[PDB]
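For reference, the structure is listed below as structure tokens.
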Amino acid sequence: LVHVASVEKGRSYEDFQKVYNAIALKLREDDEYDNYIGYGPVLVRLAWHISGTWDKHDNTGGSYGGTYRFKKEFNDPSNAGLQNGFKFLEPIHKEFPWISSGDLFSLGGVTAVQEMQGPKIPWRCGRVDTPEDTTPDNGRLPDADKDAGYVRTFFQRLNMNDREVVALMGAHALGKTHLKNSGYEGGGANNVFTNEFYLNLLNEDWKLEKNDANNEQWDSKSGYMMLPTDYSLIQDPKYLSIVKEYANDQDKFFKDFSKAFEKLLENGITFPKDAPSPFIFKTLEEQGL
Ligand code: HEM
């Protein structure tokens, strides 16, 4: 199954920076969302979940087709709460009707990471919307109540190795769990991208507790929380080594996260040899906007 990137007609870096800017401006404007966390974290999560359906074996799912817009996928129980991110992006898509859905969703994620002071994430245009019947079935996104072996195996389907998995999970520094979405509650509620997930894993005093939805989670007196799959990264000795590396090297984490997030967002896509180079968008702050 082959998906070839096709640039929206006539569009260049400048067009997509405009889209970036609109998303970034709306992120600053609608600052009250989720108890003043803002839409940053849910847009990152949306970009991952639209990409996380990918299957390297037959190239079903993946960000290319923009299939989150179809009910089967936006109603996936794994995607509960993502509708907020989609609703955010709706006026963006109305203003820039030329961008594809997959490009918009992935770009939402990139814009969110950068505006929250994360690393630059090179981004490539050219995803093309595909019909309803290409929508992957529910069930391809990962469970939270599992261990290190589950996590490692899960991510093999997205062609990610130990380093990539540990790097990607660092996004859980952002936002929080919502009992009504996932059966988990709590969390940092941070909207600044840093390597704190690793620091928290290593430095907090964690207690295995049951939440109000009758699910187990790791809680700290400090008020942080970790999913069983998060916590598995310090139970497994290979994952633990990498957790300690990122906890001790902000720049290294930023560099690896950037590589892994782009890869994630680009899985399944074939880029023509003469496609444009990846775009690196300036932040509003860099633009003085
Ligand atoms: C084994 C892997 C993963 C599991 C089981 C998982 C699970 C979860 C769960 C259950 C939530 C809370 C949803 C809700 O209640 O609102 C959460 C939140 C989130 N996830 Fe993950 N996740 C995983 C990996 C990732 C990765 C790879 C990314 C992105 C690079 C990511 C980004 C986030 C972020 C940004 C949120 C915060 C959402 C917001 O605050 O609304 N997740 N995830």
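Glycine also receives a Cβ, built like all others from the backbone with ideal geometry; neighbour counts cover every protein chain displayed. Every number here is computed from the coordinates shown, using simple stated rules; none is lab data.
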| request: Would you mind ranking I280, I242 so that the residue whose beta carbon has the fewest other beta carbons within 10 Å leads the list? | output: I280, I242
| note | From DSSP H assignment alone, runs of 4+ in the chain each adding -39500 (n - 2.57), the sum over residues rounded to the nearest 500 puts [θ] at 222 nm at -13500 deg cm²/dmol
| request: Compute the long axis of helix 237-247 from its Cα atoms, compare it with the longest principal axis of the Cα atoms of the chain, and write down the angle in degrees, 0 to 90, nearest 10. | output: 70 degrees
| remark: With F88 itself left out, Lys, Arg at +1 and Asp, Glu at -1 over residues whose Cβ is under 10 Å from its Cβ give 0
| note | Where a ≥ b ≥ c are root eigenvalues of the Cα gyration tensor, a/c under 1.5 meaning rounded, otherwise prolate if a/b exceeds b/c and oblate otherwise, the range 155-225 counts as prolate
| Candidates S101, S241, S222, ranked by Gaussian network fluctuation over the chain, Cα under 10 Å, top entry | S222
| Using unit Cβ charges (K, R positive; D, E negative) and no other charged atoms, how large, in debye to the nearest 20, is the dipole of the range 142-260 about its Cα centre? | 280 debye
| query | In the chain, what % of DSSP beta bridges are antiparallel (nearest 5)? | reply | 85 percent
| Going toward the positive end of the dipole of the chain, with +1 on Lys and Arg Cβ and -1 on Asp and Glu Cβ, which of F155, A5, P136 do you reach last? | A5
| request: Compute the long axis of helix 40-51 from its Cα atoms, compare it with the longest principal axis of the Cα atoms of the chain, and write down the angle in degrees, 0 to 90, nearest 10. | output: 70 degrees
| request: Give the distance, in whole Å, between the Cα centre of the range 113-170 and the Cα centre of the range 221-289. | output: 10 Å
| Of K71/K273; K210/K252; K146/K221; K9/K252; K9/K282, those spanning more than 29 Å from alpha-carbon to alpha-carbon | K71/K273; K210/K252; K9/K252
| Among 159-171, 206-218, what's the highest-first ranking by average C-beta atoms within 10 angstrom per residue? | 159-171, 206-218
| task | Work out Dmax and Rg for the range 142-260 from the C-alpha atoms and quote the Rg first, both in angstrom. | result | 13.5, 38
| Eligible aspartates and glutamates near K238 by straight Cα distance, threshold 18 Å, same-chain separation 8 or greater | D147, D162, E164, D230, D249, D256
| field | Anisotropy class of the range 1-154 from Cα gyration tensor, a/c 1.5 cut | value | oblate
| HN-Hα J couplings of the range 254-262 from phi, Karplus 6.51/-1.76/1.60, θ = phi - 60°, integer Hz, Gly and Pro as x? | 4, 4, 5, 4, 4, 3, 5, 5, 4
| message | Need one word for the range 70-173: rounded, prolate or oblate. Basis is the Cα gyration tensor (sqrt eigenvalues a ≥ b ≥ c); a/c below 1.5 gives rounded, then a/b vs b/c decides. | response | oblate
| field | Cβ-defined net charge surrounding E132, 14 Å radius [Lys, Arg +1; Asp, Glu -1] | value | -1
